[PDB]
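# From the sequence below, what's the structure:
(chains A, B, C, D, E, F, G and H)
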Number of protein chains: 8
Amino acid sequence: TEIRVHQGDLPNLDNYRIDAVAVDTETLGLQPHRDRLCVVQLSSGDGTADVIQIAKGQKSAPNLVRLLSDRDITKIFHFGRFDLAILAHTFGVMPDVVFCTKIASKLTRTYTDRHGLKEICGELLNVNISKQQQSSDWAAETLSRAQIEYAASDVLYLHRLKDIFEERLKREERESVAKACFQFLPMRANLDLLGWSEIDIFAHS
Amino acid sequence: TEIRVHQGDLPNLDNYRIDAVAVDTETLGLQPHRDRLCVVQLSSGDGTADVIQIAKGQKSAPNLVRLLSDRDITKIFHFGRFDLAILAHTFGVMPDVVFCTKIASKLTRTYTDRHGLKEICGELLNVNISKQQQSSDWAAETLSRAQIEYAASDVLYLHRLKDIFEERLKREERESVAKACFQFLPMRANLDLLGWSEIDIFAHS
Amino acid sequence: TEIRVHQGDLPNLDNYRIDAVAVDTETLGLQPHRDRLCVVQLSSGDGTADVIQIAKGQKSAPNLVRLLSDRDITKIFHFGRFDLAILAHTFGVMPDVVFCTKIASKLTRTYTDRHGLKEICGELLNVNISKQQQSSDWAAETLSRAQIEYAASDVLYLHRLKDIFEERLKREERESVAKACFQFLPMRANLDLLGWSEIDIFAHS
Amino acid sequence: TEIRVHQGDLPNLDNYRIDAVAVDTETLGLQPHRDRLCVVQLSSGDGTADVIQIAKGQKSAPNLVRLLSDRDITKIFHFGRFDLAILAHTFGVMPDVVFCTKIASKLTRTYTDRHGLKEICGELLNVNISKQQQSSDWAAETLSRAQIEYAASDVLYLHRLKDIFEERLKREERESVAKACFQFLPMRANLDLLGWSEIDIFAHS
Amino acid sequence: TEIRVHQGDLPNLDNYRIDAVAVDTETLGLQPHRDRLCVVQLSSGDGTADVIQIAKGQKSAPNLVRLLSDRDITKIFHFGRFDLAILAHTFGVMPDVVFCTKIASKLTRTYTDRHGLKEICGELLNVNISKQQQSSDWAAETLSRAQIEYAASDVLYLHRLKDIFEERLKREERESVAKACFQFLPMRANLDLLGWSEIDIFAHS
Amino acid sequence: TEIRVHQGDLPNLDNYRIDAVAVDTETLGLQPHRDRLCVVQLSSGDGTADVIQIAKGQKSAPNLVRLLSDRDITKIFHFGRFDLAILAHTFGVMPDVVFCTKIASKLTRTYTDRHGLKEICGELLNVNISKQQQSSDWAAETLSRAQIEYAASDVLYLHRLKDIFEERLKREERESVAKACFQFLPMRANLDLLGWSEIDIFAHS
Amino acid sequence: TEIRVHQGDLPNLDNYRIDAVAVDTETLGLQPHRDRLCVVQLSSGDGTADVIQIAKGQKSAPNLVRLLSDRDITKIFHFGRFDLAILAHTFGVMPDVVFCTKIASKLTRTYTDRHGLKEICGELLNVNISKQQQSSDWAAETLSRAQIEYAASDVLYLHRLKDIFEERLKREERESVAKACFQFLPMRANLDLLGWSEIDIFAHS
Amino acid sequence: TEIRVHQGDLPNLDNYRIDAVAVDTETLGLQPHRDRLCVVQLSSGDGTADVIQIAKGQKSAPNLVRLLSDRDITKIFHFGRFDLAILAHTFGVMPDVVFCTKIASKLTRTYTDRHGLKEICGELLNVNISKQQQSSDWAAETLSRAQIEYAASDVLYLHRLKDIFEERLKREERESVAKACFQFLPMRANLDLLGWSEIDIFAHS
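Numbering: from 1, shown residues only, chains lettered A, B, ... in the order given. Here you go:
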């Protein structure tokens, strides 16, 4: 698999004149106010991925942010609630046309309680993603080959999953439910940034 | 307080040519598939309320449902997640222009964890609502005077609360957050009806 | 209220030529193998009750047991699961025609989670039963007047509750459900005696 | 093992002129109101099984339902509480002559807390059933061979288990307990359908 | 009530030529290695009590310790597990002839789960002990009158309770059980001092 | 009690040429990044208090901050962990000479688990502080008299408590422990601001 | 390993003229009132064991009970709390000279929380006992060879463990603690039989 | 790896004229008042370690304690909270210049919740430490070779970890936070010895 690694930003958008882009991030942790964005991964849905190393304190990534802002391109995430939050916190732009494979899984794979990406990829595509056990320093100046391949594996399959989940949503007649959930997801991420990250805002208590 | 009690439906909408109506319901319990709708309460925001007794098996209430469907009239609820669900389950129409005082409380009264209607009314209006201790059979053919007065007390103050909460949302710059939450709330209620009532669809686990 | 106190057994069944008898017990505790039966209370549903003091080691009560065995007389309990167990353990006869006001409450009073006798009597009859706070030695040779009146208060109202609950079960169309639950209740009590008292035999886990 | 796969219904009952039939189901999930019935499995207790694919929205299966309604044929389930519920919800007929291997296990295998079918089959028959790890889409138009073999494995052994459990129940003198539990089990399933699925109706709290 | 307050020790044992003495302590807290003994209370079972203030660092109290060591005198405690530990830690002598009203309560008052001294005194003697709400500095050089009266109230009734509990233990045939528990109690307290205070040494896990 | 209310800052430090000042704050909630500082209260330890209303977005309070920065003046807090965090977040200055009455209580009042200010004031001074039940909008442009008196009551007694706690710490020989805890407390508050507010940094897990 | 299997009782005590005998039991479960004794295992501490099959309803085993009653022979158990209870319930004789390897482990192996027999044997003797995974019907008329070998493995090592634990108890100066615990253990088992099996009789709550 | 084993103390400090020494301990358990110190391990950071066996009741180790007291030498621990406590309890000297790799991990490895030494060594150095499964008697007169090698493995890598953690702390600008935590750590250990081992002294509750 060809994986192109960049520092700071894409050189151009020549590879991303497409209707949907798979997006994932890596960070120093789960708390956007403390743990900085370190890597952004992109895929056109083909056998190739782009891995963009983000520098400490970097405030701008014009080509990437241009992609994130383009309303004609659906951004595909797995658990986009986090990625949307960290992207908006880092670059100041909240994507508003999104698809999340975890929400889709929760709306269609009702026969299981395991909705992680590994199980979804195994069941839906019979593709085995091997997830590294040890954790690592994603802020390292030079990423290892194993890190680069792991980071790319998280975006290589989101297009195929989106196609299958759209088929399942049509079959079970939940398309409008999913559309409304995806439409609200950016606001849920913003609520996380504003300080309600531990609160289900719709719960009775 | 004048409380007009009706069977089945409003006689007409002469008292409800207004921009916002306060709405509440009473039922036989928390599970819409098992526990039928028994009472609907309405208020124009003046010192009067309408209390509509709903018959067992009643499928239609044309004047009430006409009010619920009118997109030019905001329906004010406290914890509308439930009322929207039971109304849609009973009459087949989901309101789509709503305001919920509990979400507004969670977005503005950040200095407390008590968001029930009694505490909100006490703090914001210095009005003491006394909530009956014993529970009762809301399906009784004839409601008692105490029941009627209790049922009316749940709608008499929602307009004043909405005004105050709108002031607080403007002050703390959370108007667009609240608008998005209210816009999603009917879908959250529909999700409850479809079988996800115990699931936070946006949670990681 | 006339309360007749007896030692060991009823003198005869002259007061119990009726279709249903209210029954309750008092013991030294919740574990029938350790905590002996001390008092049995009976009512014809009129303003009078019979309170029968049971001696330590007593194995027989022929008139009482004759009443308990009579299939033409429904025995009314509140939470009969316990009373049936202790009666069968003490006298060797398991009643098989029973009505339980707690099961009926759980099948009809779906708008509350409080199913104790005090709350039921308060809501359904507006009768205030005052339940003694201190506990006492029901094995005392001579019961106090306060003890006798408290013991009688537990049977004085079960007939009126049964009538109301039967009305509610008919209204909500749950008569056959209740009948099947009451038909199984003696076996549930026997299961308690055999060693499954802490196990829901129908649960998945 | 010969496994015959059918769409909608058995062609006839020529293979089921027997005293007991093993029954299992597969669905889209644990909630009968949301998750439709997808597969029904049957066995005569011989080395063969029938696997019936049920179509979306299918309301009738006359030969299967005729079998389910025949009071002279005992239906053997493992955890029939669920299967009875989904069968009654889908086809409108509640079987009333049943045997459940999980209740029997809880009444006889008192030396363990593991009552799943795999452990029971391993202990009682020394037969290793391998249970697929990944979950799958039982609503797929064409089931895979692995799915068909897995589905059949759930009914192939219930007759042998019933014979052994009947021996154990006789040995430990619990036959009447089991008979009463099996007699009540269809009502427990109906209670699940009516809205008490999360409630132990016999518990004190 | 006459309460004699002493510093360090009894002047003599003229008032304690008796078969049983009621004993209680007060300390700076629940951890004997950190929280020093501040007060010791004694009663002959008559209407009078002795309250002995213990100085910081005091290692000896010859008359008191002589009383504690006398095998012909039963020491009555309520929850002696603690008092025995703190007494042995402070003065180096573990009493070995003891009676504990809490163990006796747990062995006889099987109809309740509330075994504190206030509830026991209320039920068994109809005597109301009022327990101060605020806590206080028992190490103060001069105890207040309210403190002295509260401290005395903890020993004034233990003789009457012991008499009643002995009657109950005889009635329910648990005398040898209680005797063995009381015989082991000093070792349980020693185990607490040695480092097993949070461990039930007889539990499976 | 004279309570002087100011907007933004003290006019001068003429009343605060002293060795120790009692400090408390009020905010819109428990999360400094979301919930702004609304009120600061100060006391010289005399019968008077200063209540300073802080404006939204206010970044500077030179006289107050001069007081907070003066190393010759001990700042007395109750649960200073929070107040230090919100003060440093709002004005950018972390006090480094502090005394906390809650840590002192935990180090000396070892005979209780209730360390709130109300219980401490009740026990140590026999002064009854009445804490308002309803919560309120501390960001209101004009505070009510009840709010002002409540806010002042939180600082009026900290000097007397500090004197008593210093006596207790000397008596129990814990002065160096307390000094080290107070010396570390500002870093604990900074850790809260940096993102470890839910983590005990010294715990094993 | 020679394992002699008997029905009902030892033929004689020719092999048990010794100072200590290792004892274990097997039953149908953890509840002595429901789950009958099925097997008793004995060892002289040599490489041989005796396995005695106990018949249903058997009330007497004179040679075995003679051994159990002999005060000159210490009975070694692992978790004797259970075995003592089931032996006394079945044959009516409570041994009163016992040693328990689990209590000894809890008193000496303070560096671990795993006190099961497998871990103890592994650590102290470097002997690997393999514990069967599947459970089985110990009431079977004929035990399998695997069952017999497993049952014997539970007694073959208790003598060696007792020797090591006695060395450890002497080294850490806990001999009198252990002696008192072992002296109380039969009463703890009796308390289990009387109805306090779920209660720590010495706990504060 | 050369591991030198000593009884009681180092012969001299010829190998420890260095700026930092890695320190670890082994004991009989987690409670310093009950469980004695058995082994002390030291390393200069080279490929060699010193393992010092401590005798029961040993009160002095002049060369070791001289090393522990030398303010010019940083003592490196992993979870020094425990080691500092046991060292101070045993020899009476509390080190006051320390570095803890667990606190450093919690301050830098924010992308994981696993902070044990094995995971840290695996991630940061790609060195596999194999941790024995069975526990053992560290008080044995003669330690086994496996024990000696295991004990040495706990100190061989702390220097390399300290270097990496110092790099990470500089990179993420947390040096002053770590310095303050390390400065407070000896007082936290002393608090453990004084009786607050189960209390987070800085928590609100």
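# what comes into contact with the helix or strand where residue A:182 lies?
Assigned by DSSP states H and E, residue A:182 belongs to helix A:175-191. By Cβ atoms under 8 Å, 6 or more residues apart in numbering or on different chains, the list of residues contacting helix A:175-191 from outside reads A:80-82, A:84-85, A:88, A:94-96, A:98-100, A:103-104, A:107, A:169, A:197, A:201, B:177, B:180-181, B:183-184, B:187, B:190-191, B:194, B:201-202. For every residue, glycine as well, the C-beta is placed using N, CA and C.
# Give the buried residues for stretch A:44-58.
For stretch A:44-58, burial by neighbour count (16 or more other Cβ atoms under 10 Å in any protein chain shown) applies to A:44, A:45, A:49, A:50, A:51, A:52, A:53, A:54.
# Mind exporting the C-alpha coordinates of it to PDB?
Provided in PDB are the C-alpha atoms of stretch A:44-58 (Å, rounded to 0.1, in the frame of the first residue of the first chain):
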ATOM      1  CA  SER A  44      -9.900   8.900  -1.600                       C
ATOM      2  CA  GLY A  45     -11.200   5.300  -1.100                       C
ATOM      3  CA  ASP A  46      -8.600   3.800  -3.400                       C
ATOM      4  CA  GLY A  47      -5.700   1.600  -2.200                       C
ATOM      5  CA  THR A  48      -3.700   4.700  -1.200                       C
ATOM      6  CA  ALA A  49      -3.700   7.000   1.900                       C
ATOM      7  CA  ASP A  50      -2.200  10.300   2.800                       C
ATOM      8  CA  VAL A  51      -0.700  10.800   6.300                       C
ATOM      9  CA  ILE A  52      -0.100  14.400   7.400                       C
ATOM     10  CA  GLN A  53       2.100  15.100  10.300                       C
ATOM     11  CA  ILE A  54       0.900  18.200  12.200                       C
ATOM     12  CA  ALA A  55       3.500  20.300  14.000                       C
ATOM     13  CA  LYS A  56       3.200  21.500  17.600                       C
ATOM     14  CA  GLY A  57       1.400  24.800  17.700                       C
ATOM     15  CA  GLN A  58       0.300  24.600  14.000                       C
END
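# List the contacts of that stretch.
Residues contacting stretch A:44-58 (Cβ under 8 Å, 6+ apart): A:1-10, A:15-16, A:18, A:20-22, A:36-43, A:61, A:64, A:90, A:139, A:143, A:148, A:151-152, A:155-156, A:158-160.
# Which residue ranges of chain A form strands?
Listed in chain order, the strands of chain A (DSSP state E) span A:3-7, A:20-27, A:37-43, A:49-53, A:74-77, A:98-100.
# List only buried entries from the contacts of helix A:175-191.
A:80-82, A:84-85, A:88, A:94-95, A:98-100, A:103-104, A:107, A:169, A:197, A:201, B:177, B:180-181, B:183-184, B:187, B:190-191, B:201-202.
# Residue A:40 - how many residues pack around it?
Using other Cβ atoms under 10 Å in any protein chain shown, residue A:40 has 27 other residues around it.
# what is the closest residue to it other than its chain neighbours paired to in the beta sheet?
Spatial nearest neighbour of residue A:40, excluding adjacent residues (Cβ to Cβ, 6 or more residues apart in numbering or on different chains): residue A:52 at 4.5 Å. Beta bridges link residue A:52 to residue A:6, residue A:40, judged by DSSP bridges.
# I'd like to know how far residue A:52 sits from residue A:68.
Applying Cβ to Cβ, to the nearest Å, the value for residue A:52 to residue A:68 is 12 Å.
# count of residues packed around residue A:91?
Quick note: residue A:91 (other Cβ under 10 Å) scores 20 neighbours.
# Residue A:72 now?
For residue A:72, using other Cβ under 10 Å, the count is 8.
# which residues touch it?
Residue A:72 neighbours (Cβ under 8 Å, 6+ apart): A:19, A:97.
# if we can go back for a sec, tabulate the CA atom coordinates of the helix holding residue A:182 in PDB.
The C-alpha trace of helix A:175-191 is given here as PDB (Å, rounded to 0.1, in the frame of the first residue of the first chain):
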ATOM      1  CA  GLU A 175     -32.200   6.400   6.400                       C
ATOM      2  CA  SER A 176     -33.900   9.500   7.800                       C
ATOM      3  CA  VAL A 177     -32.900   8.600  11.300                       C
ATOM      4  CA  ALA A 178     -29.300   8.300  10.300                       C
ATOM      5  CA  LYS A 179     -29.400  11.500   8.300                       C
ATOM      6  CA  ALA A 180     -30.700  13.400  11.400                       C
ATOM      7  CA  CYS A 181     -28.100  11.900  13.600                       C
ATOM      8  CA  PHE A 182     -25.300  12.800  11.200                       C
ATOM      9  CA  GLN A 183     -26.800  16.300  10.900                       C
ATOM     10  CA  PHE A 184     -26.600  16.700  14.700                       C
ATOM     11  CA  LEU A 185     -23.200  15.100  15.200                       C
ATOM     12  CA  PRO A 186     -21.100  18.300  14.600                       C
ATOM     13  CA  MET A 187     -23.200  20.100  17.300                       C
ATOM     14  CA  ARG A 188     -22.500  17.200  19.700                       C
ATOM     15  CA  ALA A 189     -18.800  17.600  19.100                       C
ATOM     16  CA  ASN A 190     -19.100  21.400  19.700                       C
ATOM     17  CA  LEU A 191     -20.900  20.700  22.900                       C
END
